[PDB]
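A quick write-up on the structure given underneath.
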Amino acid sequence: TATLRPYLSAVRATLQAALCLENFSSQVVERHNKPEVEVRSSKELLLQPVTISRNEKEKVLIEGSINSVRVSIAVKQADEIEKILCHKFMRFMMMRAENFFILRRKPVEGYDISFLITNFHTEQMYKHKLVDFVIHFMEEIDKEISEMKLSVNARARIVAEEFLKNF
Amino acid sequence: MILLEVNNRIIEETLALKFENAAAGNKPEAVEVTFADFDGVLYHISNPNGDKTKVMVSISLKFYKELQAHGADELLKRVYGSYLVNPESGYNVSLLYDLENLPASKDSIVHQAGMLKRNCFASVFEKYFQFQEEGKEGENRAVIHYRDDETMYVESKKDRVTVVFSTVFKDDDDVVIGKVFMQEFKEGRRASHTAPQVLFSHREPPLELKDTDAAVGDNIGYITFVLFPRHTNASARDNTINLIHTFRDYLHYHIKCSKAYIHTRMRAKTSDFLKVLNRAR
Amino acid sequence: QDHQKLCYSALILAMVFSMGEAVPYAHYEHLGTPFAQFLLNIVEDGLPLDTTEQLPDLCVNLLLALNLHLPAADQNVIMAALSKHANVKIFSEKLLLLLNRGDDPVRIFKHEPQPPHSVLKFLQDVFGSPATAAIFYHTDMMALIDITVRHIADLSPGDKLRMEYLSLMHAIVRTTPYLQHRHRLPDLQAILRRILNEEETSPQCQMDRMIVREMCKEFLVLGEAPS
Amino acid sequence: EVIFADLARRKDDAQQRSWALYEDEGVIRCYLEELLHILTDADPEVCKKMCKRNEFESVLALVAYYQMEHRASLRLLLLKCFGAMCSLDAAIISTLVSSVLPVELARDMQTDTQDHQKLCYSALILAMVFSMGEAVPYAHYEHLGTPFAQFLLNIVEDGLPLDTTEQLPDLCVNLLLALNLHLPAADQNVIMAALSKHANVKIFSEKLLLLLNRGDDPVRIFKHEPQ
Amino acid sequence: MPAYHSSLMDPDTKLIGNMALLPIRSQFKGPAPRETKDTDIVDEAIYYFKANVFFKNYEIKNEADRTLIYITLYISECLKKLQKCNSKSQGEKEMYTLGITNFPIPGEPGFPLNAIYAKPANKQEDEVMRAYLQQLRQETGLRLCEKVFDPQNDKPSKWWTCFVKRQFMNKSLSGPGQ
Amino acid sequence: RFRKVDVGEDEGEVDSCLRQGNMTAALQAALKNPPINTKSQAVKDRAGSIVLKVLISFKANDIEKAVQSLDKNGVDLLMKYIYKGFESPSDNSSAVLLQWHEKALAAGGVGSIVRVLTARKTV
Amino acid sequence: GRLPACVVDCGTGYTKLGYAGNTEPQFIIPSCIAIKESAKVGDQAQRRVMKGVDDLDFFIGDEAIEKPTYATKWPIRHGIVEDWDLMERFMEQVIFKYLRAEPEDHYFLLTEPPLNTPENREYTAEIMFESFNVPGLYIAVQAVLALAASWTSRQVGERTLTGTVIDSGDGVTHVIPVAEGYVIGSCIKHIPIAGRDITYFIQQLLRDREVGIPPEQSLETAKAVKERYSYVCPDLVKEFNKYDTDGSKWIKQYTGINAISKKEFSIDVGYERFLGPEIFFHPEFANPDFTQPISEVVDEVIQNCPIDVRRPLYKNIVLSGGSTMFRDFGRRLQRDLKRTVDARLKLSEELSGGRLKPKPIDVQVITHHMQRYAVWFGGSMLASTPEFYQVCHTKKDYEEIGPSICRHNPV
Amino acid sequence: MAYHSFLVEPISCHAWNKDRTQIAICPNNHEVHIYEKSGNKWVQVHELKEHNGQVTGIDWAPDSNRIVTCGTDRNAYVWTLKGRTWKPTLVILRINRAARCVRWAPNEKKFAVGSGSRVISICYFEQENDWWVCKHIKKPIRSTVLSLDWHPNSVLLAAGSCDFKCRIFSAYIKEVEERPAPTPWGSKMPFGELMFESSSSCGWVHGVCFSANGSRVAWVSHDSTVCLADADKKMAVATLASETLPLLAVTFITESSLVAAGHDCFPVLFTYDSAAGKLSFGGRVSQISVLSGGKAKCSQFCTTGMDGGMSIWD
Ligand SMILES: Nc1ncnc2c1ncn2[C@@H]1O[C@H](COP(=O)(O)OP(=O)(O)O)[C@@H](O)[C@H]1O
């Protein structure tokens with residue numbers, strides 16, 4: 001229902017506030033340094049989860065912490081065919097998480113993809129370009145799925161021709 | 001490969017090799033090999049009784065009882081003649097060559113041996129085509145369990161011979177993708193005006209077949225071909241029979257490939273996303 | 001027989017017509033339907049010399065530019081070609097890949113008094129009659145309704161282009177068998193609810209709300225309550 | 001520095017150079033054509049200093065890559081680079097002459113007469129390197145001697161059906177004149193055996209006098225000091 | 001791992017810098033005594049050469065290895081000249097003029113192994129090892145010139161000239177400074 | 001097996017102002033009662049639902065005046081209710097809350113959002 | 001009736017295909033794929049983009065090695081699958097064109113190199129369970145199958161269930177100690193030399209020595225002289241002297257046919273008869289950073305194994321894979337080992353005053369005619385057994401747990 | 001903006017020599033680099049590299065010329081310039097988790113280390129061992145201590161913490177120091193008594209500072225808030241919330257003005273008035289320090305940040 005420009009702008013202003021990360025050695029093991037949003041072992045270092053959604057199916061969850069932020073987002077699988085094609089697209093993107101330094105190797109339960117930014121990423125990478133990548137993903141994902149649906153339809157038609165024409 | 005080829009390479013290779021050494025005469029080396037094909041066929045090539053000079057091919061179709069009701073016996077004799085020896089134990093057909101008497105037409109005998117599964121199936125079509133080409137109509141309908149949960153119904157009508165492939169899709173991916181392919185088969189005449197009518201019924205038996213215990217369920221599909229006199233006639237029947245009996249595996253083969261084709265494109269689309277994130281470094 | 005000259009000829013015609021001005025009527029002796037049928041054939045199966053596979057793209061670009069100046073769908077010398085062509089498989093597909101991205105290939109230059117968005121124009125001209133509405137395969141038109149029902153939702157108020165997708169849905173509703181298959185009708189109504197209630201007050205927003213009132217008055221299934 | 005580093009790092013990728021998997025023509029083409037520009041747009045003394053860096057490793061690695069590469073497109077750009085390098089300094093020429101490069105060019109020409117464009121450039125680069133009259137390894141005469149001289153005489157007398165510019169006749173004259181330049185003595189000279197054995201040479205004869213009439217010397221293509 | 005190492009380090013044999021002045025069975029003038037055994041350090045180098053150039057790690061046992069390695073580096077240089085020679089007579093005359101050129105000595109710049117040879121500090125060290133290394137070069141070139149040319153035609157043989165490209169662990173006695 | 005041992009561990013006024021059409025004050029009326037201290041859960045869901053009724057029933061062109069009438073405390077409370085309504089999606093609700101967000105952001109900036117994230121006593 | 005399981009051995013040089021219960025593979029095919037290259041006119045800017053059914057226009061095996069208008073690709077590198085896009089296509093035509101087995105009802109035995117990264121087992125199971133629809137899969141350790149092939153082929157009474165297996169495919173060499181049928185995985189060592197490195201070293205050495213081999217056939221001739229003229233030498237420096245002095249007998253002419261002009265050409269074959277396979281004993285030749293001879297690595301493997309098993313292992317060193325087939329290979333490996341072990345004992349006499357003399361160790365190196373396809377044969381015998389259908393991962397397991405069921409390995 | 005990028009990587013702490021001729025920094029590793037102002041351009045003069053893990057705080061005693069360092073290796077070391085090379089002295093710090101901050105006392109007889117062990121270690125020299133020994137403040141600190149500042153009397157110590165609360169503690173070490181005078185914070189001040197607690201409950205407390213009279217503490221929190229507690233109003237605390245991102249560090253520059261900095265990457269001035277007791281945003285990264293004029297009347301101050309480099313302001 002709601003248009004795409006307000007939804008992205010609300011997400012951007014939220015995510016811009018959550019990337020105020022810091023370096024923070026953990027309290028629970030001698031001198032381990034680990035993202036509190038994933039280890040969750042002390043709870044005065046976790047921020048209140050916040051959620052932005054444009055309808056009942058497309059929602060972005062932001063889970064902050066003193067040293068990390070986890071961003072997990074869901075996209076509308078409007079067709080039976082899109083569920084398959086979206087799962088495969090996410091799988092093949094998630095299969096390369098060592099190159100997308102901010103990407104988890106598994107999604108958060110009930111979300112299609114989920115990013116994890118550490119303080120180190122906001123120190124080494126351009127922080128504002130990490131936001132722009134999350135936004136650029138969120139803009140393009142459904143155009144990319146639509147292209148796959150068309151390209152599969154095309155293949156099915158050409159393969160049907162190559163059988164029938166021989167009779 | 002877009003189409004599945006009809007001739008088994010293992011027969012085509014091993015017989016061509018053995019008959020080559022027979023033409024050179026150098027040695028009757030032993031052979032013993034077993035291999036499957038589609039449809040649960042289970043071939044065997046062996047030396048009979050240990051006679052290294054004789055070579056015997058056997059077929060093992062699980063559905064040959066209630067296929068030889070539709071010929072599938074006189075046809076094998078018409079095509080193979082002297083080569084159609086008595087069945088080997090446990091197998092329904094055997095076919096014996098020897099390196100002493102095989103003719104110089106080596107390429108013909110080896111190619112026709114590779115067709116052995118096709119020459120078993122072909123008799124049901126050749127019979128029902130000849131019914132349609134001669135105007136009988138009241139005859140019984142051929143039911144052939146080419147797999148154990150998946151059955152072909154060949155029916156003759158004064159204008160038509162129709163070939164209903166019941167089929168089963170094992171994963172939900174295959175149901176969703178398969179339902180796309182057969183939509184393009186439904187319309188496929190739009191690009192090929194002479195092609196046979198293809199109907200697809202999904203979960204439910206087609207309404208004329210609805211007088212037998214045809215299955216119902218989300219995994220089941222019925223595909224109906226309609227073959228006109230431009231296909232069933234004596235000039236076209238052989239090519240038509242070659243195409244039709246492979247259709248079921250043609251469909252499942254391209255389902256597999258289309259999933260692979262998607263994977264190629266997904267890796268490309270991923271790489272063009274990664275190219276964006278690299279600008280954040 | 002000169003692949004290079006053919007490519008530049010097609011490119012220059014697209015460049016030349018890219019501003020949508022009317023031509024001498026003497027032009028349509030050649031630029032009429034026989035040339036349009038020629039361009040459809042080049043896209044549908046190409047030429048042996050086109051080892052770059054490059055003419056199909058140039059010829060798709062050219063038909064969009066050629067149509068840009070024609071006023072209507074009934075007289076349209078291009079649409080009369082599509083009607084009479086035996087089977088338009090490939091052109092149907094390439095046109096959707098462009099609409100999906102939503103860019104306009106014909107605006108190759110920066111000149112400021114820009115014409116209409118060429119692909120939205122070309123599709124509105126396709127659907128203006130039942131004979132050309134049959135161009136699409138069923139699966140293609142399903143993907144078309146999906147693509148446009150998405151773009152109408154995502155465009156913000158006051159955008160020039162949101163009216164055009166509204167007009168293209170109006171065209172599709174009015175001339176295809178839409179209300180007998182209803183492929184995305186729940187989602188369309190949910191958007192038309194929002195569009196009709198939209199409290200923004202710019203002239204283009206008023207025009208968007210008006211064309212929804214035209215569309216729902218013609219087809220009362222639109223604007224009905226959710227299921 | 002970046003180009004000569006990366007070209008070396010590809011040349012020794014012994015897996016990819018014989019059991020190809022990655023697509024690499026594009027990146028190599030871009031690196032080679034970038035190299036060719038710098039060797040001709042930049043200050044020659046810098047370009048010299050990088051070629052002669054570590055006993056000509058940058059040069060000799062690129063030569064060894066040419067023996068190993070077999071894409072005709074990539075081969076053609078490598079030749080253009082070798083010419084520009086050959087123009088810089090007689091120290092580079094004498095390295096190229098002493099390396100494997102002349103032998104592969106002569107083997108290529110005798111076997112692959114079809115790529116007219118590579119064939120012309122091959123004869124040019126081969127005449128350029130020999131233009132200084134440096135002594136070669138005796139192992140070179142095995143290919144360069146009497147068989148190759150007869151092959152050139154056949155081209156200059158009879159031509160090739162693919163040559164529409166007649167550049168090969170003139171280039172083959174210049175190449176025979178270049179190879180002869182370094183040979184001592186007289187009777188055993190591998191070129192003179194070819195002239196003796198060839199069946200009625202005559203076009204070469206009258207082409208040769210037209211050079212003497214003007215008195216110019218096509219082989220002195222570079223201004224390098226010890227004429 | 002184990003490339004071939006020098007056999008003939010007799011404890012009687014004097015050192016200069018980090019190189020052992022092994023006797024040489026040569027008619028050329030020089031300070032080391034006249035060898036009389038059949039094997040000689042120049043012949044060790046020449047006998048090992050074809051095998052030795054393929055190994056890519058080389059552990060110095062003693063000063064004689066720093067001596068024999070120098071010969072192989074010089075053989076990998078003389079092959080460059082004689083592959084161009086039309087005849088054995090040309091090569092023999094050429095090789096005599098090659099070895100007398102003033103090759104760098106330890107620690108003098110452009111010498112390829114400044115990490116591993118220390119410079120002679122004094123005239124009676126320096127001049128004598130020049131007078132030694134010179135006669136090693138003179139003999140080494142001549143002994144190749146006897147065996148690289150095939151006697152049927154004075155072709156500098158394919159089997160020897162094949163090695164010209166294969167520099168000894170990528171070290172050149174020409175020196176990388178040129 | 002040693003390794004596996006776990007060890008070492010208002011509504012009658014709100015609807016009155018709404019029915020009077022005092023909509024700007026109806027926003028204030030909702031924000032008077034923050035159930036921040038409440039241990040009860042259902043009280044929180046009630047308070048969020050009441051404020052959502054005002055945010056939805058507001059006219060879209062008047063949201064600018066409504067937000068601008070709040071103090072900086074009200075703006076931080078408004079944000080804490082905005083981010084709550086996003087967790088109960090409904091066909092209209094998300095479209096208006098995304099607009100309330102943009103105007104509350106223009107008033108309170110990203111700092112107002114940080115005070116949503118850092119709020120230790122979840123409303 | 002009951003259909004035989006499929007056995008596929010995805011070698012770095014040759015893939016081997018067939019059904020369980022056969023004494024030979026039905027096909028031996030080079031593990032390469034020919035794809036249509038005309039896309040390179042557009043693909044100058046970026047990797048080839050596929051549309052329509054163009055990705056079905058490919059050939060594999062002997063149909064692909066010399067086609068005039070297709071670029072041959074070699075998907076497998078160090079035994080690992082390096083480009084899963086091409087390997088996934090290679091599997092399609094293997095299953096449907098050659099074997100003609102419908103995947104849905106045939107179990108697959110699919111081999112693995114011991115160095116295989118876990119991530120690559122996830123992918124290979126994911127392709128077989130989910131791109132295809134195999135009912136059950138078993139990723140089998142190549143070395144154990146090679147030992148069992150010798151066990152089941154060799155003479156009764158000498159069928160010891162323990163041995164050190166040296167497998168040298170085309171990609172990498174593995175030295176695997178086995179005792180009582182258990183792989184001692186901790187003690188495995190890998191030698192980064194195999195047939196490709198031998199081929200490339202010959203290929204370089206010809207290109208130094210013997211210009212005139214056309215570049216397209218440079219790989220063909222290096223492979224041919226390797227397989228037909230090369231042998232493991234007894235002593236390197238002495239062999240050079242033998243070739244220099246008796247060159248009339250040691251130098252062999254090879255005559256090749258030009259792929260294009262179909263003119264003949266000919267070469268001397270020389271030092272690259274014994275150079276080449278020498279790189280097993282001097283890895284520093286072909287590889288900059290490895291230096292232990294194979295006859296050194298084998299002893300370090302055994303002398304890390306438990307003290308009881310060391311003596312059994314020396315009695316049953318099994319050679320496997322085509323790169324071990326050089327003439328006199330095993331004879332030298334034994335000699336080097338024997339010289340290494342008997343000295344190890346002799347030292348322990350002196351450090352004990354000769355009060356006791358140790359029993360010798362009987363180093364024996366064994367070879368068997370399956371070596372071109374020994375791993376495959378060992379698989380086809382395993383796959384005939386009823387236990388195989390109990391050991392396989394069933395498709396239902398991949399429904400309850402993802403690809404992660406294939407993380408594990410013998411180490 | 002005077003600026004100089006020492007490193008691309010986060011300058012994790014800095015401390016200044018007595019006359020500001022030298023600056024000590026962490027180059028985002030377990031080493032401390034000292035730079036001397038070699039004319040216009042900085043040159044590295046020393047590299048203190050005894051730590052076994054990342055240094056997290058540095059301080060430089062201006063009268064005694066000693067550098068104290070602490071890190072996530074749980075070490076602290078006091079560095080003395082022995083002739084020409086800095087040599088360390090052991091601190092028996094006795095903490096089981098990372099150290100996070102260090103500050104010398106104004107009298108340089110003692111220093112305090114805040115840590116993840118939920119304690120503040122107060123260190124003083126034990127000359128019979130030639131090592132430094134600790135007493136621990138402990139009782140009300142519920143989480144890690146992020147920042148410290150000393151009262152000018154060298155007894156009262158203000159501490160910020162992840163449990164949202166600023167606090168003032170009496171670090172009176174009776175072994176080394178004469179009893180302090182009474183103060184407006186209180187007359188009692190034995191070791192470890194709790195003089196003050198913040199009203200705050202939400203954001204972490206990143207930075208804490210005393211006024212030069214010691215009568216005021218200000219702190220900054222992840223709420224993007226500044227607060228100032230004034231002892232002469234009997235510990236009434238002003239508050240100002242702000243629209244920008246959080247503030248990470250703060251300093252007084254006069255008794256009535258602050259400078260602060262935060263994730264917005266630029267410095268911000270907050271003034272205060274003792275009449276109404278309100279902060280005011282006078283407006284305009286990892287820590288701030290005063291170069292000249294001190295906390296009473298600063299003339300220059302400087303900043304360093306995760307974005308790298310050093311910056312000086314007037
Ligand atoms: N007679 C032979 N002598 C030496 N090597 C051989 C011989 N025959 C084949 N080879 C080599 O064996 C190598 C490996 O083949 P194979 O064992 O099938 O490898 P893999 O099974 O690992 O793919 C190939 O490089 C092939 O050239």
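By order of appearance in the structure tokens: chains A, B, ..., then residues from 1 within every chain, and ligands from 1 in the order shown.
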
If we count only C-alpha atoms, which residues of chain G reach to within 9 Å of chain E? Please list them as a ChimeraX atom specification. /G:205,208-210,236-237,240-241,244,270-271,282-285,288,291-293

Just write the chosen residues, C-alpha atoms, as an mmCIF file, in the first residue's frame.
```cif
data_model
loop_
_atom_site.group_PDB
_atom_site.id
_atom_site.type_symbol
_atom_site.label_atom_id
_atom_site.label_comp_id
_atom_site.auth_asym_id
_atom_site.auth_seq_id
_atom_site.Cartn_x
_atom_site.Cartn_y
_atom_site.Cartn_z
ATOM 1 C CA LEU G 205 61.057 -28.234 -21.429
ATOM 2 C CA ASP G 208 62.781 -24.375 -24.437
ATOM 3 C CA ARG G 209 64.403 -27.115 -26.498
ATOM 4 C CA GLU G 210 62.265 -27.931 -29.494
ATOM 5 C CA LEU G 236 69.793 -38.214 -12.429
ATOM 6 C CA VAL G 237 73.315 -36.822 -12.922
ATOM 7 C CA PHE G 240 72.442 -36.916 -18.283
ATOM 8 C CA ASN G 241 75.936 -38.282 -18.901
ATOM 9 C CA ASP G 244 75.212 -37.095 -23.738
ATOM 10 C CA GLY G 270 65.478 -36.469 -24.824
ATOM 11 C CA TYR G 271 66.069 -35.345 -21.231
ATOM 12 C CA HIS G 282 62.525 -33.808 -6.632
ATOM 13 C CA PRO G 283 59.319 -31.764 -6.220
ATOM 14 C CA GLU G 284 61.416 -28.578 -6.118
ATOM 15 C CA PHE G 285 61.637 -28.877 -9.918
ATOM 16 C CA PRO G 288 58.717 -23.822 -5.826
ATOM 17 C CA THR G 291 60.880 -30.279 -1.378
ATOM 18 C CA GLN G 292 60.443 -33.696 0.301
ATOM 19 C CA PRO G 293 60.754 -36.627 -2.136
#
```

Step by step, measure atom-to-atom distances between ligand 1 and each residue using only C-alpha atoms and all ligand atoms, keep those at most 10 Å, then write them as a VMD selection string. chain G and resid 9 to 16 28 to 31 76 78 to 79 113 142 167 to 173 194 to 199 222 to 231 277 320 to 327 329 371 to 376

Give me the residues of stretch 50-156 of chain A that have any atom at most 9 Å from an atom of stretch 88-94 of chain F; for each, the nearest atom pair and the distance in Å, rounded to one decimal. Use only C-alpha atoms, sort by chain and number, and format it as CSV.
```
residue,atom,partner,partner_atom,distance
A:52,CA,F:94,CA,8.7
A:53,CA,F:94,CA,6.5
A:54,CA,F:94,CA,5.2
A:55,CA,F:94,CA,5.8
A:56,CA,F:89,CA,4.9
A:57,CA,F:89,CA,8.3
```

Dump of N, CA, C and O atoms for the selected residues, as an mmCIF file, in the first residue's frame:
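See out27.cif below for the written result:
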```cif
data_model
loop_
_atom_site.group_PDB
_atom_site.id
_atom_site.type_symbol
_atom_site.label_atom_id
_atom_site.label_comp_id
_atom_site.auth_asym_id
_atom_site.auth_seq_id
_atom_site.Cartn_x
_atom_site.Cartn_y
_atom_site.Cartn_z
ATOM 1 N N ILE A 52 10.427 -1.355 11.032
ATOM 2 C CA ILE A 52 9.765 -0.492 10.058
ATOM 3 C C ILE A 52 9.139 -1.364 8.980
ATOM 4 O O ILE A 52 9.790 -2.274 8.456
ATOM 5 N N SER A 53 7.881 -1.085 8.648
ATOM 6 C CA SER A 53 7.131 -1.899 7.704
ATOM 7 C C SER A 53 6.246 -0.995 6.864
ATOM 8 O O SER A 53 5.694 -0.017 7.372
ATOM 9 N N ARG A 54 6.117 -1.318 5.577
ATOM 10 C CA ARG A 54 5.232 -0.563 4.698
ATOM 11 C C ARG A 54 3.897 -1.256 4.454
ATOM 12 O O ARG A 54 2.937 -0.592 4.055
ATOM 13 N N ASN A 55 3.812 -2.562 4.686
ATOM 14 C CA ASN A 55 2.540 -3.272 4.678
ATOM 15 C C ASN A 55 2.686 -4.492 5.584
ATOM 16 O O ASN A 55 3.659 -4.612 6.333
ATOM 17 N N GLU A 56 1.721 -5.402 5.522
ATOM 18 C CA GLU A 56 1.754 -6.563 6.405
ATOM 19 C C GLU A 56 2.754 -7.634 5.991
ATOM 20 O O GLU A 56 2.830 -8.667 6.663
ATOM 21 N N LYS A 57 3.518 -7.431 4.922
ATOM 22 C CA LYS A 57 4.437 -8.459 4.446
ATOM 23 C C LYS A 57 5.872 -7.994 4.278
ATOM 24 O O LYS A 57 6.773 -8.840 4.301
#
```

Residues of chain G were defined as contacting chain D if any atom lay at most 7 Å from it, counting only C-alpha atoms; please report them as number ranges by chain. G: 44-45, 47, 73-75, 212, 215

Selection from above, N, CA, C and O atoms, as a short mmCIF file (atom, residue, chain, number, x, y, z; two decimals), in the first residue's frame, can you write it?
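The new file result.cif reads:
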```cif
data_model
loop_
_atom_site.label_atom_id
_atom_site.label_comp_id
_atom_site.auth_asym_id
_atom_site.auth_seq_id
_atom_site.Cartn_x
_atom_site.Cartn_y
_atom_site.Cartn_z
N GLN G 44 33.46 -9.17 -24.20
CA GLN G 44 34.69 -8.42 -23.97
C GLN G 44 34.61 -7.59 -22.69
O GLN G 44 35.62 -7.39 -22.02
N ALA G 45 33.41 -7.10 -22.35
CA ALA G 45 33.24 -6.27 -21.16
C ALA G 45 32.94 -7.07 -19.90
O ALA G 45 33.32 -6.63 -18.81
N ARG G 47 31.72 -11.33 -18.27
CA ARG G 47 31.56 -12.77 -18.50
C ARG G 47 30.27 -13.07 -19.25
O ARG G 47 29.25 -12.38 -19.08
N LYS G 73 36.61 -25.98 -21.66
CA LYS G 73 36.91 -25.60 -20.29
C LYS G 73 37.16 -26.84 -19.45
O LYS G 73 36.62 -27.91 -19.73
N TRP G 74 38.00 -26.69 -18.41
CA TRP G 74 38.40 -27.79 -17.54
C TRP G 74 37.98 -27.48 -16.11
O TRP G 74 38.75 -26.88 -15.35
N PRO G 75 36.77 -27.88 -15.71
CA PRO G 75 36.20 -27.36 -14.45
C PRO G 75 36.94 -27.74 -13.18
O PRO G 75 36.80 -27.04 -12.18
N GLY G 212 58.79 -25.52 -32.68
CA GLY G 212 58.30 -26.19 -33.87
C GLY G 212 57.06 -27.01 -33.63
O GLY G 212 56.33 -27.35 -34.56
N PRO G 215 51.56 -24.35 -30.89
CA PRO G 215 51.02 -24.13 -29.54
C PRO G 215 49.74 -24.89 -29.21
O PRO G 215 49.58 -25.35 -28.07
#
```

Restrict the calculation to only C-alpha atoms, then for each residue of chain G with any atom at most 10 Å from an atom of chain A give the closest atom pair and their distance in Å to one decimal, rows by chain and rising residue number, as JSON lines.
```
{"residue": "G:51", "atom": "CA", "partner": "A:151", "partner_atom": "CA", "distance": 7.6}
{"residue": "G:52", "atom": "CA", "partner": "A:155", "partner_atom": "CA", "distance": 5.1}
{"residue": "G:53", "atom": "CA", "partner": "A:155", "partner_atom": "CA", "distance": 6.4}
{"residue": "G:54", "atom": "CA", "partner": "A:155", "partner_atom": "CA", "distance": 9.8}
{"residue": "G:119", "atom": "CA", "partner": "A:95", "partner_atom": "CA", "distance": 9.5}
{"residue": "G:123", "atom": "CA", "partner": "A:95", "partner_atom": "CA", "distance": 9.7}
```

Could you write out as JSON, numbers by chain the residues of chain D within 12 Å of chain E, counting only C-alpha atoms? {"D": [49, 52, 53, 54, 55, 56, 57, 60, 61, 64, 91, 95, 97, 98, 99, 100, 134, 135, 136, 137, 138, 139, 140, 141, 142, 182, 183, 184, 185, 188, 189]}

Those same residues, written as a compact mmCIF listing (two decimals), in the first residue's frame with C-alpha atoms?
```txt
# COMPACT_ATOMS: atom_id res chain seq x y z
CA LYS D 49 63.82 2.28 -17.62
CA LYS D 52 65.54 -2.72 -18.95
CA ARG D 53 64.69 -3.09 -15.26
CA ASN D 54 66.14 -6.41 -14.07
CA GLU D 55 68.01 -7.66 -17.12
CA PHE D 56 64.95 -7.18 -19.34
CA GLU D 57 62.70 -9.45 -17.27
CA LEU D 60 61.52 -11.56 -21.73
CA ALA D 61 58.44 -12.53 -19.72
CA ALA D 64 57.65 -16.02 -23.29
CA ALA D 91 69.53 -2.90 -26.14
CA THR D 95 67.43 -8.89 -26.41
CA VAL D 97 66.70 -11.01 -31.39
CA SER D 98 68.48 -13.30 -28.92
CA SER D 99 65.25 -14.57 -27.31
CA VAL D 100 62.80 -17.11 -28.77
CA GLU D 134 72.95 -8.73 -34.46
CA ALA D 135 74.27 -12.30 -34.57
CA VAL D 136 71.64 -14.93 -33.69
CA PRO D 137 71.95 -18.34 -32.00
CA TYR D 138 72.81 -21.01 -34.56
CA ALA D 139 69.68 -22.83 -33.35
CA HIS D 140 67.66 -20.08 -35.07
CA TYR D 141 68.94 -20.96 -38.56
CA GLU D 142 67.17 -24.32 -38.20
CA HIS D 182 73.84 -10.10 -40.41
CA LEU D 183 75.14 -13.11 -42.38
CA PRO D 184 78.93 -13.37 -42.83
CA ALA D 185 80.94 -14.95 -45.67
CA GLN D 188 77.12 -21.08 -47.35
CA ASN D 189 74.67 -18.21 -46.84
```

I'd like the neighbourhood of residue A:35 as a VMD selection string, where a residue qualifies if any of its atoms comes within 12 Å (using only C-alpha atoms), though same-chain residues fewer than 4 positions away should be ignored. chain A and resid 21 to 27 39 to 42 45 to 46 63 to 70 116 to 121

Give me, as a ChimeraX atom specification, the contact residues of chain C against chain A at a cut-off of 7 Å, counting only C-alpha atoms. /C:97,100-101,153-156,190-191,194

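Residues of chain A assigned to strand (DSSP E or B) by DSSP on this structure's backbone: residues 46, 50, 51, 52, 53, 59, 60, 61, 62, 63, 64, 65, 68, 69, 70, 71, 72, 73, 103, 113, 114, 115, 116, 117 and 118 of chain A.
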